[PDB]
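Peer 1: What follows is a single structure, and I will ask about it in a moment.
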Ligand SMILES: *CCCn1cc(CCCCCCCCCCCC)nn1
Ligand SMILES: [Zn+2]
């Protein structure tokens, strides 16, 4: 029931290069976007009942304007995916990626080249928006929403003038149905979990680590150990057998893993070319 | 009842 030869990054690499590792699932959080300038959460200017209300569906339903104002204030001057995003892109290109489950709404996975079939955006995204009226549900792309946010015009539907909301899951909202559809099949077939940039404190996303088979190795690349209790993470006990913790910056851990897999030069060229191509079209 | 909700 032990598939790793040693509980290190090198053991994970050698396992990835073995016949048993055919399907890899990535579970990613805010830590994989911090080096891109996107915050891992002032707000006094918005006059909120409590600072967290800005992220809850109740307050957005009451007053949607503070969210759009804050979206403009935190709107990144550039959408540049990180080394971690392009490592997942390499996993996709080589046929090893089964799915990327993400907690982020910043669309950086799609900009890195991951497609809809590769992604489960568990908390939604800014990539698309919809008119809130159920008899309309008109869809708008990211450029439309960005132009509405920066002109400081509250986004209204061009067909029925109702409010248009980014396709994100506020706190208190139900997760999208694709989450629960994909999790049923994906976590019976998964051979490896790559948990990157999340401290596993948001539910039901965190519980995903207990859906994998008990023999499936799980590598945590995070600034802190997390997921320790239940099918929780066990990095340090005498009964540890499958969980590996690499503590540090996510970009650094992905660089080390890619080098151990022989992908250092390719990942370098990919990241540099894409960052330059984004700086050009900026 | 509804699908499980995002909770911190
Ligand atoms: C259970 C749900 C967990 N959850 C909710 C969210 C998003 C909450 C609102 C974020 C607002 C971001 C504003 C824009 C920032 C810049 C990017 C365009 N995440 N996780
Ligand atoms: Zn409409």
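One-based numbering along the chain as shown.
Note that Cβ sites are derived from N, Cα and C of the backbone, with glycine treated the same way.
According to Swiss-Prot, the feature active site, proton acceptor maps to A:123, an assignment based on sequence analysis. What Swiss-Prot lists as Zn(2+) binding site is A:131, A:136, A:157, A:160, and the listing cites experimental evidence. Summarising the annotation, Swiss-Prot assigns phosphoserine to A:143.
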Peer 1: At a 10 A cut-off on CB-CB distances, which of the binding-site residues A:136, A:160 has the highest count?
Peer 2: A:136
Peer 1: Express as a whole number of angstrom the distance that separates the Cα of residue A:229 and the Cα of residue A:230 across the 10-residue gap.
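Peer 2: Cα separation at the break: 7 Å.
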Peer 1: Using a 6 Å cut-off on Cβ distance, which of the recorded positions A:123, A:131, A:136, A:143, A:157, A:160 come close to any atom of ligand 1?
Peer 2: A:123
Peer 1: Please check the recorded positions A:123, A:136, A:143, A:160 against ligand 2 and give me the ones with CB under 6 A, sequence order.
Peer 2: A:136, A:160
Peer 1: In the structure shown, which of the binding-site residues A:131, A:157 has the fewest Cβ neighbours within 10 Å?
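Peer 2: Selected from the binding-site residues A:131, A:157 on minimum Cβ neighbours within 10 Å: A:157.
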Peer 1: Among the recorded positions A:123, A:131, A:157, state which ones have a Cβ less than 8 Å from a Cβ of chain B, giving them in sequence order; state 'none' otherwise.
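Peer 2: Contact set vs B: A:123.
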Peer 1: I need the CA-to-CA distance for residue A:131 (Zn(2+) binding site) versus the residue listed as 'phosphoserine', whole Å please.
Peer 2: 15
Peer 1: For each of the recorded positions (A:123, A:143), count the other CB atoms lying within 10 A of its CB, then report the residue with the highest count.
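Peer 2: When each Cβ's neighbours within 10 Å are tallied, A:123 tops the list.
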